[PDB]
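Quick look at work_32.pdb (PDB, C-alpha atoms and all ligand atoms):
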MODEL        1
ATOM      1  CA  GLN A 142      97.663  65.219 138.364  1.00  0.00           C
ATOM      2  CA  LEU A 143      98.019  67.916 135.662  1.00  0.00           C
ATOM      3  CA  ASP A 144     100.173  71.022 135.279  1.00  0.00           C
ATOM      4  CA  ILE A 145      98.184  73.406 133.063  1.00  0.00           C
ATOM      5  CA  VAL A 146      99.658  76.621 131.610  1.00  0.00           C
ATOM      6  CA  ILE A 147      97.128  78.928 129.903  1.00  0.00           C
ATOM      7  CA  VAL A 148      98.862  81.161 127.377  1.00  0.00           C
ATOM      8  CA  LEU A 149      96.786  84.231 126.505  1.00  0.00           C
ATOM      9  CA  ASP A 150      97.311  86.694 123.709  1.00  0.00           C
ATOM     10  CA  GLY A 151      96.874  90.019 125.512  1.00  0.00           C
ATOM     11  CA  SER A 152      97.641  92.243 122.491  1.00  0.00           C
ATOM     12  CA  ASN A 153      95.332  95.179 121.690  1.00  0.00           C
ATOM     13  CA  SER A 154      93.300  93.366 119.072  1.00  0.00           C
ATOM     14  CA  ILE A 155      91.902  90.990 121.769  1.00  0.00           C
ATOM     15  CA  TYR A 156      88.618  92.554 122.933  1.00  0.00           C
ATOM     16  CA  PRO A 157      86.690  92.644 125.233  1.00  0.00           C
ATOM     17  CA  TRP A 158      89.176  91.487 127.832  1.00  0.00           C
ATOM     18  CA  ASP A 159      86.279  90.758 130.286  1.00  0.00           C
ATOM     19  CA  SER A 160      85.351  87.873 127.952  1.00  0.00           C
ATOM     20  CA  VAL A 161      88.834  86.412 128.308  1.00  0.00           C
ATOM     21  CA  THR A 162      88.711  86.614 132.115  1.00  0.00           C
ATOM     22  CA  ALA A 163      85.145  85.168 131.963  1.00  0.00           C
ATOM     23  CA  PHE A 164      86.541  82.220 129.996  1.00  0.00           C
ATOM     24  CA  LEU A 165      89.267  81.823 132.670  1.00  0.00           C
ATOM     25  CA  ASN A 166      86.625  81.864 135.457  1.00  0.00           C
ATOM     26  CA  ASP A 167      84.367  79.336 133.797  1.00  0.00           C
ATOM     27  CA  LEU A 168      87.242  77.037 132.933  1.00  0.00           C
ATOM     28  CA  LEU A 169      88.986  77.125 136.325  1.00  0.00           C
ATOM     29  CA  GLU A 170      85.844  76.633 138.294  1.00  0.00           C
ATOM     30  CA  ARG A 171      85.625  73.112 136.850  1.00  0.00           C
ATOM     31  CA  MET A 172      88.909  72.132 138.510  1.00  0.00           C
ATOM     32  CA  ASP A 173      90.233  71.216 141.956  1.00  0.00           C
ATOM     33  CA  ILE A 174      93.448  73.120 142.223  1.00  0.00           C
ATOM     34  CA  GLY A 175      96.338  72.401 144.638  1.00  0.00           C
ATOM     35  CA  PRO A 176      99.891  70.894 144.977  1.00  0.00           C
ATOM     36  CA  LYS A 177      98.688  67.287 144.755  1.00  0.00           C
ATOM     37  CA  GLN A 178      95.879  67.973 142.309  1.00  0.00           C
ATOM     38  CA  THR A 179      95.689  70.210 139.189  1.00  0.00           C
ATOM     39  CA  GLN A 180      97.935  73.257 139.007  1.00  0.00           C
ATOM     40  CA  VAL A 181      97.392  76.313 136.791  1.00  0.00           C
ATOM     41  CA  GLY A 182      99.828  78.985 135.736  1.00  0.00           C
ATOM     42  CA  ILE A 183      98.909  81.779 133.317  1.00  0.00           C
ATOM     43  CA  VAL A 184     101.152  83.530 130.781  1.00  0.00           C
ATOM     44  CA  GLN A 185     100.080  86.696 128.942  1.00  0.00           C
ATOM     45  CA  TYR A 186     101.890  87.623 125.691  1.00  0.00           C
ATOM     46  CA  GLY A 187     101.831  90.859 123.663  1.00  0.00           C
ATOM     47  CA  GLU A 188     104.480  93.620 123.860  1.00  0.00           C
ATOM     48  CA  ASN A 189     105.830  91.707 126.818  1.00  0.00           C
ATOM     49  CA  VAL A 190     105.518  88.179 128.020  1.00  0.00           C
ATOM     50  CA  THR A 191     104.344  88.032 131.665  1.00  0.00           C
ATOM     51  CA  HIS A 192     103.802  85.219 134.136  1.00  0.00           C
ATOM     52  CA  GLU A 193     100.518  86.372 135.618  1.00  0.00           C
ATOM     53  CA  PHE A 194     101.128  83.566 138.163  1.00  0.00           C
ATOM     54  CA  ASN A 195     103.144  80.392 138.485  1.00  0.00           C
ATOM     55  CA  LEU A 196     101.932  76.799 138.583  1.00  0.00           C
ATOM     56  CA  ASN A 197     102.613  76.530 142.377  1.00  0.00           C
ATOM     57  CA  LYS A 198     101.511  80.062 143.344  1.00  0.00           C
ATOM     58  CA  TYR A 199      97.987  78.907 144.282  1.00  0.00           C
ATOM     59  CA  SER A 200      96.806  76.001 146.398  1.00  0.00           C
ATOM     60  CA  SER A 201      93.003  76.240 146.016  1.00  0.00           C
ATOM     61  CA  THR A 202      90.532  76.831 143.219  1.00  0.00           C
ATOM     62  CA  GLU A 203      89.003  79.674 145.172  1.00  0.00           C
ATOM     63  CA  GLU A 204      92.356  81.455 145.222  1.00  0.00           C
ATOM     64  CA  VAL A 205      92.961  80.968 141.486  1.00  0.00           C
ATOM     65  CA  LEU A 206      89.484  82.350 140.692  1.00  0.00           C
ATOM     66  CA  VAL A 207      90.128  85.484 142.657  1.00  0.00           C
ATOM     67  CA  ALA A 208      93.554  85.924 141.007  1.00  0.00           C
ATOM     68  CA  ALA A 209      92.289  85.302 137.442  1.00  0.00           C
ATOM     69  CA  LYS A 210      89.689  87.996 137.844  1.00  0.00           C
ATOM     70  CA  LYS A 211      92.434  90.592 138.485  1.00  0.00           C
ATOM     71  CA  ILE A 212      94.396  89.784 135.269  1.00  0.00           C
ATOM     72  CA  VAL A 213      94.420  92.886 133.105  1.00  0.00           C
ATOM     73  CA  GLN A 214      95.177  93.310 129.425  1.00  0.00           C
ATOM     74  CA  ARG A 215      98.732  94.404 128.962  1.00  0.00           C
ATOM     75  CA  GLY A 216      98.411  95.292 125.272  1.00  0.00           C
ATOM     76  CA  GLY A 217     100.568  95.055 122.136  1.00  0.00           C
ATOM     77  CA  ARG A 218     100.400  95.763 118.405  1.00  0.00           C
ATOM     78  CA  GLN A 219     101.308  92.330 117.034  1.00  0.00           C
ATOM     79  CA  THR A 220     100.543  88.631 117.452  1.00  0.00           C
ATOM     80  CA  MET A 221     103.500  87.113 119.287  1.00  0.00           C
ATOM     81  CA  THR A 222     102.228  83.550 119.524  1.00  0.00           C
ATOM     82  CA  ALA A 223     105.602  81.890 119.000  1.00  0.00           C
ATOM     83  CA  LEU A 224     107.166  83.932 121.844  1.00  0.00           C
ATOM     84  CA  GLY A 225     104.223  83.235 124.160  1.00  0.00           C
ATOM     85  CA  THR A 226     104.197  79.497 123.621  1.00  0.00           C
ATOM     86  CA  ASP A 227     107.981  79.254 123.834  1.00  0.00           C
ATOM     87  CA  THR A 228     108.172  81.326 127.046  1.00  0.00           C
ATOM     88  CA  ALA A 229     105.488  79.009 128.481  1.00  0.00           C
ATOM     89  CA  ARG A 230     107.474  75.905 127.429  1.00  0.00           C
ATOM     90  CA  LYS A 231     110.877  77.111 128.603  1.00  0.00           C
ATOM     91  CA  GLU A 232     109.827  79.136 131.676  1.00  0.00           C
ATOM     92  CA  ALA A 233     106.317  78.352 133.008  1.00  0.00           C
ATOM     93  CA  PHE A 234     106.956  74.615 132.829  1.00  0.00           C
ATOM     94  CA  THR A 235     110.080  74.837 135.051  1.00  0.00           C
ATOM     95  CA  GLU A 236     110.736  73.508 138.553  1.00  0.00           C
ATOM     96  CA  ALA A 237     111.280  77.051 139.874  1.00  0.00           C
ATOM     97  CA  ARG A 238     107.702  77.979 138.895  1.00  0.00           C
ATOM     98  CA  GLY A 239     106.066  74.859 140.348  1.00  0.00           C
ATOM     99  CA  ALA A 240     106.166  72.250 137.626  1.00  0.00           C
ATOM    100  CA  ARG A 241     106.061  68.876 139.325  1.00  0.00           C
ATOM    101  CA  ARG A 242     108.371  66.007 138.533  1.00  0.00           C
ATOM    102  CA  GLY A 243     106.776  63.503 136.170  1.00  0.00           C
ATOM    103  CA  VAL A 244     103.441  65.367 136.039  1.00  0.00           C
ATOM    104  CA  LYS A 245     101.843  65.650 132.575  1.00  0.00           C
ATOM    105  CA  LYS A 246     102.173  69.126 131.043  1.00  0.00           C
ATOM    106  CA  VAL A 247      99.206  70.822 129.349  1.00  0.00           C
ATOM    107  CA  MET A 248      99.096  74.109 127.474  1.00  0.00           C
ATOM    108  CA  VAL A 249      95.992  76.127 126.473  1.00  0.00           C
ATOM    109  CA  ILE A 250      96.765  78.798 123.898  1.00  0.00           C
ATOM    110  CA  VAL A 251      94.272  81.537 122.922  1.00  0.00           C
ATOM    111  CA  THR A 252      94.787  84.075 120.097  1.00  0.00           C
ATOM    112  CA  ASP A 253      92.987  85.921 117.263  1.00  0.00           C
ATOM    113  CA  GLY A 254      95.613  86.232 114.554  1.00  0.00           C
ATOM    114  CA  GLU A 255      98.372  84.730 112.477  1.00  0.00           C
ATOM    115  CA  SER A 256     101.657  85.257 114.316  1.00  0.00           C
ATOM    116  CA  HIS A 257     104.252  87.934 113.484  1.00  0.00           C
ATOM    117  CA  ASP A 258     106.951  85.553 114.876  1.00  0.00           C
ATOM    118  CA  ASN A 259     105.657  82.948 112.385  1.00  0.00           C
ATOM    119  CA  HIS A 260     109.087  81.840 111.158  1.00  0.00           C
ATOM    120  CA  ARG A 261     109.906  80.205 114.538  1.00  0.00           C
ATOM    121  CA  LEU A 262     106.479  78.755 115.397  1.00  0.00           C
ATOM    122  CA  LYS A 263     107.298  75.355 113.811  1.00  0.00           C
ATOM    123  CA  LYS A 264     110.400  75.084 116.014  1.00  0.00           C
ATOM    124  CA  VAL A 265     108.473  76.042 119.169  1.00  0.00           C
ATOM    125  CA  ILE A 266     105.771  73.391 118.436  1.00  0.00           C
ATOM    126  CA  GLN A 267     108.525  70.892 117.657  1.00  0.00           C
ATOM    127  CA  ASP A 268     110.102  71.546 121.108  1.00  0.00           C
ATOM    128  CA  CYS A 269     106.775  71.297 122.929  1.00  0.00           C
ATOM    129  CA  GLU A 270     106.210  67.940 121.211  1.00  0.00           C
ATOM    130  CA  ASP A 271     109.582  66.559 122.327  1.00  0.00           C
ATOM    131  CA  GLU A 272     108.724  67.707 125.832  1.00  0.00           C
ATOM    132  CA  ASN A 273     105.313  65.922 125.611  1.00  0.00           C
ATOM    133  CA  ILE A 274     103.366  69.125 126.324  1.00  0.00           C
ATOM    134  CA  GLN A 275      99.800  68.435 125.297  1.00  0.00           C
ATOM    135  CA  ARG A 276      98.508  71.487 123.398  1.00  0.00           C
ATOM    136  CA  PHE A 277      94.970  72.876 123.138  1.00  0.00           C
ATOM    137  CA  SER A 278      94.664  75.830 120.785  1.00  0.00           C
ATOM    138  CA  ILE A 279      91.793  78.286 120.398  1.00  0.00           C
ATOM    139  CA  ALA A 280      91.427  80.673 117.410  1.00  0.00           C
ATOM    140  CA  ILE A 281      89.140  83.649 117.886  1.00  0.00           C
ATOM    141  CA  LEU A 282      87.953  84.231 114.328  1.00  0.00           C
ATOM    142  CA  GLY A 283      86.464  87.777 114.463  1.00  0.00           C
ATOM    143  CA  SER A 284      87.960  90.872 116.156  1.00  0.00           C
ATOM    144  CA  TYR A 285      86.399  94.240 117.100  1.00  0.00           C
ATOM    145  CA  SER A 291      93.411  85.657 105.624  1.00  0.00           C
ATOM    146  CA  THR A 292      91.324  83.782 108.154  1.00  0.00           C
ATOM    147  CA  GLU A 293      92.206  80.487 106.493  1.00  0.00           C
ATOM    148  CA  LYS A 294      95.962  80.851 107.035  1.00  0.00           C
ATOM    149  CA  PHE A 295      95.248  82.044 110.589  1.00  0.00           C
ATOM    150  CA  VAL A 296      93.052  78.975 111.332  1.00  0.00           C
ATOM    151  CA  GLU A 297      95.589  76.512 109.825  1.00  0.00           C
ATOM    152  CA  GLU A 298      98.398  78.086 111.836  1.00  0.00           C
ATOM    153  CA  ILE A 299      96.418  77.652 115.065  1.00  0.00           C
ATOM    154  CA  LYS A 300      95.300  74.164 114.079  1.00  0.00           C
ATOM    155  CA  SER A 301      99.019  73.395 113.661  1.00  0.00           C
ATOM    156  CA  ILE A 302      99.751  74.297 117.307  1.00  0.00           C
ATOM    157  CA  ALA A 303      97.119  71.827 118.579  1.00  0.00           C
ATOM    158  CA  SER A 304      98.194  68.301 119.523  1.00  0.00           C
ATOM    159  CA  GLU A 305      96.985  65.235 117.624  1.00  0.00           C
ATOM    160  CA  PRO A 306      94.130  64.606 117.082  1.00  0.00           C
ATOM    161  CA  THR A 307      93.540  68.171 115.874  1.00  0.00           C
ATOM    162  CA  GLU A 308      89.803  67.488 115.995  1.00  0.00           C
ATOM    163  CA  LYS A 309      90.074  67.160 119.808  1.00  0.00           C
ATOM    164  CA  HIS A 310      92.789  69.742 120.536  1.00  0.00           C
ATOM    165  CA  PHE A 311      91.726  72.635 118.260  1.00  0.00           C
ATOM    166  CA  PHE A 312      88.782  75.054 118.739  1.00  0.00           C
ATOM    167  CA  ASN A 313      87.599  78.017 116.834  1.00  0.00           C
ATOM    168  CA  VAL A 314      85.070  80.535 118.071  1.00  0.00           C
ATOM    169  CA  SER A 315      83.416  83.478 116.364  1.00  0.00           C
ATOM    170  CA  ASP A 316      84.647  86.118 118.855  1.00  0.00           C
ATOM    171  CA  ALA A 317      85.904  86.616 122.417  1.00  0.00           C
ATOM    172  CA  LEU A 318      82.341  86.505 123.801  1.00  0.00           C
ATOM    173  CA  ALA A 319      82.095  82.946 122.499  1.00  0.00           C
ATOM    174  CA  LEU A 320      85.055  81.644 124.501  1.00  0.00           C
ATOM    175  CA  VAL A 321      82.852  80.703 127.480  1.00  0.00           C
ATOM    176  CA  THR A 322      80.816  78.426 125.131  1.00  0.00           C
ATOM    177  CA  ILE A 323      83.662  75.894 124.681  1.00  0.00           C
ATOM    178  CA  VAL A 324      84.665  75.671 128.339  1.00  0.00           C
ATOM    179  CA  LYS A 325      82.712  72.534 129.133  1.00  0.00           C
ATOM    180  CA  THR A 326      84.154  70.571 126.194  1.00  0.00           C
ATOM    181  CA  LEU A 327      87.649  71.948 126.768  1.00  0.00           C
ATOM    182  CA  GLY A 328      87.470  70.928 130.430  1.00  0.00           C
ATOM    183  CA  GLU A 329      86.278  67.372 129.662  1.00  0.00           C
ATOM    184  CA  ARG A 330      88.973  66.919 127.040  1.00  0.00           C
ATOM    185  CA  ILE A 331      91.797  68.250 129.281  1.00  0.00           C
ATOM    186  CA  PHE A 332      90.841  65.533 131.807  1.00  0.00           C
ATOM    187  CA  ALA A 333      90.506  63.006 128.918  1.00  0.00           C
TER     188      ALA A 333
HETATM  189 MG    MG B   1      96.918  91.409 118.215  1.00  0.00          MG
ENDMDL
END

Now that the file is in, can you turn its structure into structure tokens?
Ligand SMILES: [Mg+2]
Amino acid sequence: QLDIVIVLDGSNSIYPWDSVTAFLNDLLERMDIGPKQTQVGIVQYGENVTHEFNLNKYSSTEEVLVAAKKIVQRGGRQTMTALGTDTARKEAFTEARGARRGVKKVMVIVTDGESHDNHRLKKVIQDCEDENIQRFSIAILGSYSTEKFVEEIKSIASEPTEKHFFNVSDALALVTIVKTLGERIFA
């Protein structure tokens, strides 16, 4: 079984949001979701950090797909990637939100910029590592220094980086990595 938490940058720079929910749809529809199968929770970060839903909120794929479609962009003026990932680690992956004893933890992080809470990102990744959270990270290169941005997001991805890290040209391109992402998550 797998407990998957998808951690989405929902700040204003992310656009169009319908591409992000499309990526959610395409990704989730490759999964059997339920209490003895895969679970998904989703965290949105920006000016707030919000649990769109918990890991144990939904017991079928059909239910998750309907929920994901109603996730709206909550906005924000900065890239709060440290805060998002840490909130996911410390809160989404808890027993009270459906994390299952002994079940492997998996995080999928999607953003388009270098983080403004950059100082503490190394610490957050360090904690995730100690808690054996497998991390997939996705950098959206163009919005409607890229190098430092890319290397930051690469640095969130688990080893091997070549399997855990993705970059795409824009939000519309997120659906194009879903198949590979899905295969890799299930190893
Ligand atoms: Mg932003």

### Message
ligand MG 1 (chain B): which residues are within 10 Å, counting only C-alpha atoms and all ligand atoms? Reply as a ChimeraX atom specification.
### Response
/A:150-156,186-188,216-222,252-257,284

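Each of A:226, A:162, A:275, A:185 was checked against residue A:208 using only C-alpha atoms; the smallest atom-to-atom distance is that of A:162.
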
Please write out, as AutoDock Vina command-line options, where the centre of an axis-aligned box around all listed atoms of stretch 250-268 of chain A lies and how long its edges are, in Å to one decimal, after adding 6 Å on each side.
--center_x 101.7 --center_y 79.4 --center_z 117.5 --size_x 29.4 --size_y 29.0 --size_z 24.7

### Task
Using the chain letters and residue numbers of this document, give as JSON, numbers by chain the residues selected by the PyMOL selection byres (((chain A and resi 280) around 8) and not hetatm).
{"A": [251, 252, 253, 254, 278, 279, 281, 282, 295, 296, 299, 312, 313, 314]}

### Ground truth for the PyMOL selection byres (((chain A and resi 324) around 10) and not hetatm), written as number ranges by chain
A: 164-169, 171, 319-323, 325-330

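For the pair atom CA of residue A:250 and atom CA of residue A:146, the interatomic distance is 8.5 Å.
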
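Comparing A:149, A:174, A:161, A:331 by their smallest distance to residue A:318, the closest is A:161 (using all atoms listed in the file).
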
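With distances taken over all atoms listed in the file, A:249 is the one residue among A:258, A:249, A:333, A:242 lying closest to residue A:302.
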
Kindly write stretch 178-308 of chain A with C-alpha atoms to a file, as an mmCIF file, in the first residue's frame.
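To be explicit, this is the file written out as out39.cif:
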data_model
loop_
_atom_site.group_PDB
_atom_site.id
_atom_site.type_symbol
_atom_site.label_atom_id
_atom_site.label_comp_id
_atom_site.auth_asym_id
_atom_site.auth_seq_id
_atom_site.Cartn_x
_atom_site.Cartn_y
_atom_site.Cartn_z
ATOM 1 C CA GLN A 178 -4.993 0.222 -1.164
ATOM 2 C CA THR A 179 -3.448 3.600 -2.154
ATOM 3 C CA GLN A 180 -4.492 6.698 -0.238
ATOM 4 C CA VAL A 181 -4.178 10.298 -1.454
ATOM 5 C CA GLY A 182 -4.260 13.516 0.501
ATOM 6 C CA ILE A 183 -3.693 16.923 -1.103
ATOM 7 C CA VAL A 184 -2.076 20.011 0.439
ATOM 8 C CA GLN A 185 -2.213 23.441 -1.227
ATOM 9 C CA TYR A 186 0.367 26.082 -0.187
ATOM 10 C CA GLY A 187 0.498 29.830 -0.909
ATOM 11 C CA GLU A 188 -0.675 32.569 1.500
ATOM 12 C CA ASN A 189 -2.082 29.742 3.565
ATOM 13 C CA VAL A 190 -1.409 26.069 3.780
ATOM 14 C CA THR A 191 -4.625 24.023 3.379
ATOM 15 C CA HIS A 192 -5.428 20.331 3.568
ATOM 16 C CA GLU A 193 -7.721 20.079 0.570
ATOM 17 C CA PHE A 194 -8.432 16.552 1.899
ATOM 18 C CA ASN A 195 -6.861 13.989 4.182
ATOM 19 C CA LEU A 196 -5.333 10.632 3.301
ATOM 20 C CA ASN A 197 -8.362 8.720 4.751
ATOM 21 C CA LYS A 198 -11.091 11.136 3.591
ATOM 22 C CA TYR A 199 -11.808 9.104 0.431
ATOM 23 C CA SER A 200 -12.347 5.392 -0.067
ATOM 24 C CA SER A 201 -12.659 5.143 -3.876
ATOM 25 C CA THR A 202 -10.890 6.563 -6.898
ATOM 26 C CA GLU A 203 -14.182 7.845 -8.221
ATOM 27 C CA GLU A 204 -14.647 9.923 -5.078
ATOM 28 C CA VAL A 205 -11.117 11.368 -5.201
ATOM 29 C CA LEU A 206 -11.597 12.358 -8.865
ATOM 30 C CA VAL A 207 -14.745 14.249 -8.087
ATOM 31 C CA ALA A 208 -13.078 15.982 -5.109
ATOM 32 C CA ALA A 209 -9.884 16.917 -7.013
ATOM 33 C CA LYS A 210 -11.918 18.624 -9.683
ATOM 34 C CA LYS A 211 -13.376 21.026 -7.077
ATOM 35 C CA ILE A 212 -9.948 22.174 -5.746
ATOM 36 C CA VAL A 213 -9.624 25.885 -6.403
ATOM 37 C CA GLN A 214 -6.572 28.116 -6.438
ATOM 38 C CA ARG A 215 -6.229 29.877 -3.146
ATOM 39 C CA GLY A 216 -3.546 32.335 -4.273
ATOM 40 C CA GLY A 217 -0.442 33.971 -2.780
ATOM 41 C CA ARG A 218 2.386 36.319 -3.750
ATOM 42 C CA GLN A 219 5.386 34.147 -2.870
ATOM 43 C CA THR A 220 6.753 30.621 -3.241
ATOM 44 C CA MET A 221 6.335 28.934 0.135
ATOM 45 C CA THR A 222 7.720 25.526 -0.779
ATOM 46 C CA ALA A 223 9.454 24.901 2.541
ATOM 47 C CA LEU A 224 6.218 25.587 4.479
ATOM 48 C CA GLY A 225 4.172 23.397 2.128
ATOM 49 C CA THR A 226 6.480 20.412 2.288
ATOM 50 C CA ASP A 227 6.936 20.735 6.044
ATOM 51 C CA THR A 228 3.181 21.043 6.714
ATOM 52 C CA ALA A 229 2.729 17.911 4.564
ATOM 53 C CA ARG A 230 5.440 16.054 6.537
ATOM 54 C CA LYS A 231 4.302 17.111 10.001
ATOM 55 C CA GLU A 232 0.519 17.237 9.435
ATOM 56 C CA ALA A 233 -0.717 15.342 6.338
ATOM 57 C CA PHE A 234 1.373 12.299 7.220
ATOM 58 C CA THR A 235 -0.215 11.964 10.700
ATOM 59 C CA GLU A 236 -2.472 9.270 12.150
ATOM 60 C CA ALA A 237 -5.285 11.802 12.668
ATOM 61 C CA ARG A 238 -5.394 12.470 8.904
ATOM 62 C CA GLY A 239 -5.322 8.810 7.845
ATOM 63 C CA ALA A 240 -1.681 7.854 7.600
ATOM 64 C CA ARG A 241 -1.484 4.115 8.106
ATOM 65 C CA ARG A 242 0.933 2.392 10.427
ATOM 66 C CA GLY A 243 3.981 1.075 8.591
ATOM 67 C CA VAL A 244 2.713 2.192 5.162
ATOM 68 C CA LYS A 245 5.327 3.807 2.882
ATOM 69 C CA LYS A 246 4.967 7.594 2.622
ATOM 70 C CA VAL A 247 5.174 9.365 -0.749
ATOM 71 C CA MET A 248 5.142 13.077 -1.493
ATOM 72 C CA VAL A 249 4.576 14.778 -4.884
ATOM 73 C CA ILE A 250 5.570 18.435 -4.858
ATOM 74 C CA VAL A 251 4.710 20.849 -7.704
ATOM 75 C CA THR A 252 5.949 24.466 -7.970
ATOM 76 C CA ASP A 253 7.221 27.101 -10.443
ATOM 77 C CA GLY A 254 9.752 29.089 -8.449
ATOM 78 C CA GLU A 255 12.655 29.232 -6.056
ATOM 79 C CA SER A 256 11.266 29.368 -2.520
ATOM 80 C CA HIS A 257 11.011 32.512 -0.364
ATOM 81 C CA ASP A 258 11.365 30.245 2.739
ATOM 82 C CA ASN A 259 14.614 28.951 1.179
ATOM 83 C CA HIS A 260 16.686 29.146 4.368
ATOM 84 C CA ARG A 261 14.707 26.271 5.977
ATOM 85 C CA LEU A 262 14.218 24.038 2.918
ATOM 86 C CA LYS A 263 17.373 21.981 3.666
ATOM 87 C CA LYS A 264 16.042 21.224 7.159
ATOM 88 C CA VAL A 265 12.597 20.241 5.838
ATOM 89 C CA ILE A 266 14.168 17.841 3.260
ATOM 90 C CA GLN A 267 16.450 16.507 5.989
ATOM 91 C CA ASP A 268 13.381 15.706 8.172
ATOM 92 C CA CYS A 269 11.486 14.075 5.311
ATOM 93 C CA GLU A 270 14.544 11.887 4.678
ATOM 94 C CA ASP A 271 14.731 10.728 8.303
ATOM 95 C CA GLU A 272 11.038 9.922 8.080
ATOM 96 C CA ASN A 273 11.644 7.912 4.846
ATOM 97 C CA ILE A 274 9.180 10.021 2.837
ATOM 98 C CA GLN A 275 9.914 9.313 -0.798
ATOM 99 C CA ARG A 276 9.856 12.635 -2.681
ATOM 100 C CA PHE A 277 8.907 13.368 -6.297
ATOM 101 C CA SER A 278 9.422 16.986 -7.302
ATOM 102 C CA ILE A 279 8.145 18.813 -10.377
ATOM 103 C CA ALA A 280 9.477 22.229 -11.524
ATOM 104 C CA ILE A 281 7.283 24.198 -13.895
ATOM 105 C CA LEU A 282 9.885 26.184 -15.816
ATOM 106 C CA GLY A 283 7.811 28.940 -17.522
ATOM 107 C CA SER A 284 5.031 31.068 -15.964
ATOM 108 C CA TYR A 285 2.341 33.276 -17.563
ATOM 109 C CA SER A 291 17.397 32.441 -12.352
ATOM 110 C CA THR A 292 15.868 29.276 -13.732
ATOM 111 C CA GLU A 293 19.044 27.356 -12.947
ATOM 112 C CA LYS A 294 18.914 28.043 -9.199
ATOM 113 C CA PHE A 295 15.176 27.277 -9.274
ATOM 114 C CA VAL A 296 15.757 23.903 -11.027
ATOM 115 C CA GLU A 297 18.616 22.907 -8.660
ATOM 116 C CA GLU A 298 16.496 23.789 -5.637
ATOM 117 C CA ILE A 299 13.669 21.557 -6.885
ATOM 118 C CA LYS A 300 16.087 18.818 -7.901
ATOM 119 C CA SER A 301 17.337 18.971 -4.293
ATOM 120 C CA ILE A 302 13.863 18.152 -2.915
ATOM 121 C CA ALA A 303 13.632 14.973 -5.034
ATOM 122 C CA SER A 304 14.715 11.655 -3.518
ATOM 123 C CA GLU A 305 17.696 9.698 -4.839
ATOM 124 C CA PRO A 306 18.081 8.932 -7.687
ATOM 125 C CA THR A 307 17.273 12.489 -8.786
ATOM 126 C CA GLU A 308 16.994 11.216 -12.356
#
